[PDB]
Structure formats: structure tokens, C-alpha cells
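First the structure, in the form of C-alpha cells, and then the observations on it.
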Ligand SMILES: Nc1nc2c(ncn2[C@@H]2O[C@H](COP(=O)(O)CP(=O)(O)OP(=O)(O)O)[C@@H](O)[C@H]2O)c(=O)[nH]1
Ligand SMILES: Nc1nc2c(ncn2[C@@H]2O[C@H](COP(=O)(O)OP(=O)(O)OP(=O)(O)O)[C@@H](O)[C@H]2O)c(=O)[nH]1
Ligand SMILES: Nc1ncnc2c1ncn2[C@@H]1O[C@H](COP(=O)(O)OP(=O)(O)NP(=O)(O)O)[C@@H](O)[C@H]1O
Ligand SMILES: [Mg+2]
Ligand SMILES: [Mg+2]
Ligand SMILES: [Mg+2]
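Residue numbers (the authors' numbering), protein chains in the order written: chain A, 1 to 37, 47 to 437; chain B, 1 to 426; chain K, 17 to 119, 155 to 177, 184 to 208, 212 to 219, 226 to 282, 286 to 309, 312 to 402.
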């Protein structure tokens, strides 16, 4: 009876979105035209005899992003009302994305979301794919978070946010968009994930043997995590941990709501014939810094809260041993304020990979999600990039000219300082 | 969506513009008759950005021809795709600036331009979602420069919310043109700076060298120089024609390329750029594109980057490239050549990716950017100008048209300010 | 030969009717001898933030008090022959337009005191001529416009600067000045908006050139004085004309950004001051570390509703106290 509505905003949100929907479609066997030859309603509402439709809205200002969607293989699946754009891009400028032109489609998105919400009986909440700094992926995100806070409030506000990497980037005003995106995000989100484009390429080339990975590879690893986290909304397990149970237990303080994550095992088809993929080895793999989806190093922080979501051929006894094994790893520092061990969920449904993909199918898998002081590292690097650009007022005239007060940047910076402080104090 | 209007400022704009349209027409599958006979819907999805749709499934170049030379008019009417181009856009007067910018701006240009603008208005009112204008002209020429400068100012007043993208031929250290080239250029630059958002400078000597040396076209004719220029213009317009892994636009470039309003000048180049025999000695991989893109000697400018600092670079790629492949090459370049990039920005390279290659290449890319090396342009104009001006050489050409010497003083000062900003960032 | 610091005054506005009706901290910020102290509650912590100015005027201090002190001192220096600039800063809604007119404010009290004294100087006379001329200009939609002309064609060029085709008027009497100011105001581009009532759609520039033959050694002094209602810092949505008032707001904010960058450049002693970039800052060329003595008039609200705006204003202005110049007597 649990239901979820998702938003795919900005080109990246849409591309991840499409990947997530291909996987959701795959997992249940829905055909490209909506036919199939239940829990399926969590993501794909029955609409009529012979057809189910995915509960999602794709949002941007670039007509191109949606035009691409409109020609895709699922164009027969999504109702046309689910694809919404404005006329002009944000020029990677928060001022445009949020205040001046983001306004073009606020009502349209609200119309579609409200219609989907009115069609739900057990809406757990919303799942949004967006950026931590990048045009409409910041802009609409800000506009839509204000509206979701007002229109729903109590419904879950869960998001996956694309993180600019220490080296991987596409533009130069990204730290301005990020400091503003984050400031706004902190006042509306219940829980969000940090997703690092650089780290994900490293996983693709080191774990999946992809010599030179691209966006179409990065999106697959992301969809594996999205699936595992939301799998419990629809599939039975030994330990039926609810998505909101999970968020509640993971966040000990209101300001610590941005967990880091990994997934294991991540293997190539060749590794599929060599790896000793036991419950314990997979669990152990989840705690190696090398496998994280964010370029942070946990040895420089403390684990505040963590949840291990096991999938497939996993026996709770194996898990108890696996957890006991992790408990002996003295190299893993846990926050001094949390005697509580791991929260564990175990889903009966095995993971799946996508045909034409990369990751090989396994009998057992674990999704690991955690809150740690170490994430401060990620935020600090964005602030260092920001301080240089801001101090020189480089390109500031574009923000100001497109609809922004220069002072907003200092408001955001102060809050980012608070953000770092929040992680430090809970670490201390 | 996001439509562009083009202006061909006299023969400069017409020779460059004509080649632009031959190339773009081929890119969109447009027949010499104007009808579409291409390969893919992608060629139609954005065709209206550059063409006017018509019965017969025709796509008419959305451009206005402007000059005071009726000989040019007839020459253009007689050329390729002339039968497609809308006859109403041949906006030619009958006189000529005579290499006198004031005559070409204050007097003859002043009369011509109101006719041109009535045409521009009718063309813009025929658009649904006009993003901007693109105009090609020279700085030191006569009618071309006069009308170019004049239209840019008047168009900017009428369309303050549109993009003004200017391509222009600028003064060379040796291969000069008019006897007052520095005067005309001084006057033009001053007026252009306050109206243009984005501009690309074209140095003919560089085009000649690239053709002579790079392409081994040791007889570097005007037709060959047009290949290089039209290829660049085509490169710049990729974002409004075909999609890919990293979608982009002109406004994104402005926001991420101009850190300070006066730093809007570009010194472009592209890759692969090879000869024919050389096709047996290459490997069209991103590292190859990268080496050519960041080759200081591969730019269409005398403003060699090794004597300046990059302020901001845009690397626009076309074809199904690996993003890790591209990202690592862009990072490797900045790390290796960090001594050539401004310390004001903790990332000096912007990346955009179209998955559709240009016709004939497995991979291609366009390299544009703003650099402090640009001050060499303004210093050349200023030195050539100040030397002639202090002798009041040809001064009667301008005072006879009502120009106060003050206009030149202000213009010279303006160029000194453009130089000063390049120096502050170096 | 040494440069000296520019001077600054900070004034608090009385609470608006809206501010009095709303529930907020009526006095989040308070003023001491020259200290401006504000209490802020953020991220569940309370801090005391503060800045110091040269002059200050709390909500309990009127224009008469300022007249006998702030205006008094400035006008004497203008009459001494110092080239002087009076400029200002604040967010929109702060009150500075109100105080320019006193709806009797700065343009009237400052000008009246100058001309009253000059009239007393005429009484002292009884070649001591008063070759006095004035002009009113405004920058509207980024176009300098002549408020003294008939039914924007103003070239800004070297003297310092001069404006091609600018109408200038001579002065024989204050009464004429009054009529001229009033006429200039009627021609001024202003507006009523969602929140504010005397929107300044332009940067309003008032210039007085006092060529006074204060001879003994025939000496003439030119007491140039520039009073400018620089537009304040805005938020279009905050007030909520499709595309005109938004454009003005943006152009204004860009103007202020630029002025800011110029101030910062002057503070950091850069090798080039980008005042040459914007026409506003070009018009301010000699105020920007030159021979013109300058003063900053800043205005803030006492209410907690404007803490972010207030602190941004006070920080800008306080930082600006690091600007120095070499004020001279125009002899
Ligand atoms: N790269 C190219 N440069 C050219 C071409 N044709 C001319 N030029 C260069 O431009 C300059 C001559 O300019 P134009 O014939 O365009 C002067 P225009 O006709 O615009 O005005 P008039 O003064 O009325 O002739 C000079 O530097 C030539 O060497 C061309 O096809 N390609
Ligand atoms: N993981 C992932 N990241 C992407 C993808 N496409 C773009 N990005 C990242 O997203 C950021 C750029 O933002 P975009 O989403 O392209 O921009 P946008 O939201 O469309 O905003 P505008 O184009 O400025 O209107 C960069 O950090 C890119 O690396 C993708 O398919 N997968
Ligand atoms: N000290 C004051 N006492 C009483 N009323 C005031 C005071 N200051 C401002 N106001 C009133 O508030 C309204 C004015 O806003 P002002 O006109 O003060 O805004 P402003 O800062 O000039 N806004 P803007 O012109 O948009 O940059 C006026 O009608 C004034 O009467
Ligand atoms: Mg986009
Ligand atoms: Mg010609
Ligand atoms: Mg006002």
C-alpha cells in the first residue's frame, strides 16, 4: 500500500530518472508500452485494463531534455502530462533557475504532482533526483521544495543530490550555485544522499572493469542504490525495515541528514566467476573507503549511524555473524555518542542488473547507508572553491544581474559554516 | 525554440556568412533547392533556429544581407543556395563608405540602416522564441564596419533582452587592408564594446598560416580561409542544432565565460584540423583533440596564448566520446599547463558534449576562450592608430563627416581600458 | 600629501506601520556613541554583531539635529572650497529618498544652508561675484537623462568629466532653485510599488558648481558639490512591471555590485580601479580616491525583520571606512 512519487529535475535528474525507471520497469517486467504478460502500484499505478503508468514528473527549462524523453522507448508508457519544461535554460545561474525564470513552470509541476498525490492512498512521500549545484537542478529544486513543504509537509522529502567533485566538473560558477542550493536544501529536506560523479567513475573503472566510463555507466550504479533503498517499499523481507523507519533511525540530529553510501558487490562478468561473494565478504567490502560513492575518507571521521540493507540469498544468521565481524573492526570509528550498533534490513528479493548493462548479477548484495562526520570533508571542499570565486566576485555580476542580492552569498556561507559545525559537534 | 537571426555585414559578412550557410545547410540535410532531404529527425528538430520553414518542406536561411555595394548584391544573388534565400533580405544601398567609418556610420550608413532595421524587425516578428542575433563584420573596413557597428547599436536598443553574438575581422600586424584601417577599427571597437555580449576576433594571418602550414594548403585562398571561419561559427552553433551527453547553450557560455563584462572577446580554434595526406598519421581520440585544442599555435589569432593567461576556456565536443576520457584529458591539461591559466578560477575549463559529430569526422571539438593574450589585438590597433592620428593623417575624412577628435580620444581610451583589464588578470 | 578616510553616518528609521503591526523585535539594533549593535538569533544561537561609524543618528534623532551637526559641518567644508560628494547606501525600503526631501530633507537643507551663507557672503560683499550654476541628471534604465531639458542624449566625456548637451542653469536666488528642484522632481523617474512608495527608478544626480570669486590676489574657488540618490539594493519577487521594474532592479543591483567592487579595489590598493567600467563609477571618478572629499549616508531599520539586510548594509559601509582620499580646495 506504500506509494512513491518521483521528480526528475534538470538534465541529470532526468537522465538518472530514466535509468531508474528502466530498472524499475525491468524489475517488474513491464513492457515499454505499459503492458505486462499488487506492490507494483508503489511505482506504477494501474491506469486501466492492460496498462500501468510510472508515478513521476520530469522537470526542466531546457526543451531539449524533454524532447529527448519524448522520443525514448518509454514514450508510450508515460502520460504526456508527466513531461514539463519552460522555454530557456538557467544558464547555470541560480538567480535564473530559482527566481527569474524557474517561475515559468511552477504551476505546471504542481498540477501534475497534485494529481498524482490525489491518486495515492499510501503515499509515503516523494523521491527527487537533482543537483547540489547546476542550473535548473538547483533552481526548480528550490522552488519545488518550498512547495512540497507547504502542500504536503509531512510526506517524506527524500532526495539524491549530484555532488560536484574535487576535480570532476563542467562549469565554473558551480560553487555559487552549490552554496545557494545547499542553503535552501537544509531548510526543507528530511533526508538526502550525496552522489559524487568522480567517485562513481572510479568505481566503474576499478570494480566493473570499465576502461573509460561515462554517464550511462554512472547512472547504473546510482540506480542500484535507488532500487535497494526503495526495494523495501514493495518487496518482502526477513527484516521489513520501512523507508521512514530507516530515515528515522539514521538521523540522530535534525541537521545531520545527508548520508554517504555504497553498494556491494560490484563485479564484472569475469569477477563473477572468481569472487567469494559471501554475506560477510560483501558486508566487509561496504566499509572499505575505496568503494564509496563519494570521494570522502571515513578514517577521518566517525560513524554516527549506519544501516545495512541485505538483499537476496541472505540468512539472518549469516548476517548476525557479518555484523559481529564488523563490530571487531577497530579501524572503524563510531561516534562516541552512539553505543547502538548497526540497523539491519534484509530483503528477500535479490538484486538485478540491467541487460545491456555492466554489473554482473549476484546471489547476494548489500546497500550501505551512513551518517558520518567525514562528510564535512565534502562540504569543506565546496566552500574552498566558493571562497576564491566569491572573493574575486568572479561572474557575480551574472547572479546579481539575473535577479540576486550579493549579500545572499554571505548568508549561504554563514549557513555552510554552520553545516560544517553541525557535523563537527556531533563528532565531538 | 531559441531562434537566431543572422546579419551579413557587407562582403566580409557575405563571404563568411555564405560559407556558413553552405555548411549549415549540409549539416541539416538541406538541398540546393531548399527542400529537406536529410537522414534524421534531429536535423529538423532545431532547423527553425537557423532557417525559415516553408511549403515544399523548405528551410530558408534566416539572414539579412547588408551593404552599399549593388555589385555585391548581384554576386550574392548569383551564388549557391541563392534561389532559396528570401529576396526581401537583399538590403543593399548604392554608394559605399569609401573606407570612411564616419561616412559609413554617421552618414551613408545612417540612412541605410533604418531600411535594414525595418527588415530586421519584420524578421524578428516572424520568430516565436528569438534568443538572439549573430552578425559578421570587419573592424577597419568601410561599409562593412560602419553598418556592422551601427546595426549592433540600433539592434541592441530594440532588443535589449536578446543575445548579441559578433564575429569580426580585426587588424593584423602585417597583412593590412585600408589606409585608415586603425581609425575605422578604433571607432568601431568603442561603439561595439557597449553593445556586444559575445565576440570572436578573426586574424587573417592566422587563417592564412593554418591553411598554409596546418592544412598544407600552400596557396591559402579566401575560399580556404572561409572553411576555417565557417567551421568555427558552425562549432559555436552546435548547441542550438544537435543534443548530447552534456547539453549546452550560448547563455551558459556567457555566464561561465565572461567573469567581468569587458572580457567577452574570444580567440577560437578547432580539432581535428589536418591535411589530406596527414589522415594516414592520426588517431581521432580525445587526447588528439585535446592536444590540438590547447595548441597555442592552432588558434585563429595572432594572440598566441603562450604570452598570456587563459581567463576562461570552453571545450565543446562532438561525437560519442567517453566522459571519463574527456574529463581526464581536461584535468591533465590544466595540471600540466597551470602556469598559463588565471589563478582567479579553481577550474578554468568548461565542458559541453554533443553526441552527434560533424559530417566527415569521427570526433571533433571546438575550442573557444578569453585570454589576456587578447591585449595584443588592442595594442596593435592602438599603436597603429595613435601613430597615424597624432599626425592627423586622413583626419579630414572624419572631420568632414562631422566627427570630433573627441570621438577618437574616447575610443583610444576605451581600448586602453580593455588592455588594462587583460593586464589585471595577468 | 597623505590621504584621509572618507566619513560615514548611519541612521535608523522609525518603525513602519507594517513593522509596528507585525510581531518582531522592535529594536534589534541599537546605537551608542557611534557604535551600531545588533542582536541576531541564527542556527539556534544568539550573537551580538557590531560596527562603528563616524556619525550616527538613531530613530529618536530628527533632521533638525542633523542640520545643526552633520549638514552644518559638511556645508562649511563645501563653502571652504572643498570639492565634495554626498552619496549613500542601503537596501530598498531603508528611507534614504525620504530623507533627501524630508517629506525638509538633505537637498533642501543642504542647498538652503549653502545659499543662505552665500547670501550672507553677498551681505559681506556689501570682484566678488557668485558664478553659480546647477544641473540635475538621472540614470534611468542605464541612460543618463537631463532633468533640466525639454521634450538621454548625454555624452559622458573628459572635462574629470563633462556631459555633451547637458542643460545647466544659473542661479540668482534660492526661490529659483526651489522652483528648479521642484521641476526636476516632477520630471524625475519614480514609482509606487508593492512595498515602497517613492521608488527611485534612476540614480538621481544633483550637482552644484559654486564659482565664487572669493578674491582678496584674485582668487576664485569652485565649491563643487555632488549629491546622489544612488538607487538601493533590491528583490523583484519580494515586491512581486513584467520585465521594467525587474530590469531596473537588476540594473541597480549591478550598479551597486560594481560600486562595491570599486570600493573594494580602492581598499585593497589595486593597480587599476575598474571605476572606468560603469558610467556610474566614471561619473564618480574623483570621489573614488581623488581630490573630492566624500561622505556616506547609510540608513537601516531598527526591526528584526531586516537583520540580514541591516548587517549587509552595515558591513558594506563599515568596510568602506577604509577608503581614503586627498580632498582639496578648488582654487
Ligand atoms: N578570412 C577571409 N578574409 C577575407 C575574405 N575576403 C576578404 N577578407 C579580408 O577582409 C578585409 C577586406 O574586407 P572587405 O572586402 O570585407 C571590406 P567590406 O566589403 O566589408 O566594405 P567595403 O569597404 O565597402 O569594401 C581584408 O583583411 C581581407 O584580406 C574571405 O573570404 N575570408
Ligand atoms: N551522474 C550524472 N551526472 C550528470 C549527468 N549529466 C550531467 N551530470 C552532472 O550534472 C551537473 C551539470 O548539471 P546539469 O543537470 O547538466 O544542468 P541542468 O540541471 O540541466 O541546468 P542547466 O542546463 O544549467 O539549466 C554536472 O555536475 C554534471 O557532471 C548524468 O547523466 N549523470
Ligand atoms: N524616517 C522616516 N519616517 C517616516 N516615514 C519614512 C521614513 N523613512 C522612509 N519613510 C517612508 O517610507 C516610504 C518610503 O520609502 P523610501 O521612499 O523611504 O524608500 P526608498 O528607500 O527611497 N525605496 P526605493 O526608492 O525603492 O529605493 C515613504 O513614503 C516614506 O514616507
Ligand atoms: Mg540542462
Ligand atoms: Mg566591398
Ligand atoms: Mg527612492
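Idealized CB from N, CA, C, for every residue including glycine.
Nearest to residue i (by Cα), restricted to the options the options
i, options, result
"residue 37 (chain A)", "A:137, A:29, A:148", "A:29"
"residue 199 (chain K)", "B:160, B:358, B:250", "B:160"
"residue 47 (chain K)", "K:395, K:370, K:402", "K:370"
"residue 240 (chain A)", "A:228, A:319, A:372", "A:319"
"residue 114 (chain K)", "K:265, K:399, K:70", "K:265"
"residue 367 (chain K)", "K:24, K:275, K:18, K:306", "K:24"
"residue 269 (chain B)", "B:229, B:307, B:237, B:257", "B:229"
"residue 181 (chain A)", "B:385, B:394, B:350", "B:350"
"residue 252 (chain B)", "B:198, B:271, B:293", "B:198"
Contact set for residue i: own chain, Cβ-Cβ below 8 Å, skip 5 residues either direction
i, result
"residue 244 (chain A)", "48, 356, 357, 358"
"residue 204 (chain B)", "169, 172, 175, 225"
"residue 348 (chain B)", "310, 311, 312, 313, 334, 341, 342"
Residue i: CB within 8 Å of a non-hydrogen atom of ligand 3
i, result
"residue 114 (chain K)", "yes"
"residue 303 (chain K)", "yes"
Interface flag, residue i vs chain K, CB-CB below 9 Å
i, result
"residue 179 (chain A)", "no"
"residue 188 (chain B)", "no"
"residue 391 (chain B)", "no"
"residue 413 (chain A)", "yes"
"residue 406 (chain B)", "yes"
Cut-off 7 Å between Cβ atoms - residues of its own chain near residue i, not counting five sequence neighbours on either side
i, result
"residue 260 (chain K)", "308, 309"
"residue 336 (chain A)", "350"
"residue 424 (chain A)", "192, 195"
"residue 408 (chain A)", "102, 103, 104, 185"
Any non-hydrogen atom of ligand 5 within 8 Å of residue i CB
i, result
"residue 11 (chain B)", "yes"
"residue 178 (chain B)", "no"
"residue 142 (chain B)", "yes"
Check: residue i C-beta below 8 Å from any heavy atom of ligand 2
i, result
"residue 99 (chain A)", "yes"
"residue 70 (chain A)", "yes"
"residue 162 (chain K)", "no"
Residue-chain proximity (residue i, chain B), Cβ-Cβ < 9 Å
i, result
"residue 347 (chain K)", "yes"
"residue 89 (chain A)", "no"
"residue 314 (chain K)", "yes"
"residue 89 (chain K)", "no"
"residue 418 (chain A)", "no"
"residue 393 (chain A)", "yes"
"residue 320 (chain A)", "no"
"residue 96 (chain A)", "yes"
"residue 38 (chain A)", "One cannot assign coordinates to residue 38 (chain A), given that chain A in this structure leaps from 37 to 47."
Residue-chain proximity (residue i, chain A), Cβ-Cβ < 9 Å
i, result
"residue 171 (chain B)", "no"
"residue 250 (chain K)", "no"
"residue 256 (chain B)", "yes"
"residue 127 (chain B)", "no"
"residue 200 (chain K)", "no"
Ligand 4 heavy atom lying under 8 Å from the CB of residue i
i, result
"residue 94 (chain A)", "no"
Same chain, Cβ closer than 6 Å to residue i, neighbours up to 5 away in sequence not counted
i, result
"residue 147 (chain B)", "9, 66, 109"
"residue 217 (chain B)", "211, 224"
"residue 305 (chain B)", "296, 371, 373"
"residue 220 (chain B)", "208, 211, 212"
Contact test: residue i Cβ vs ligand 1 heavy atom, cutoff 8 Å
i, result
"residue 15 (chain B)", "yes"
"residue 231 (chain B)", "no"
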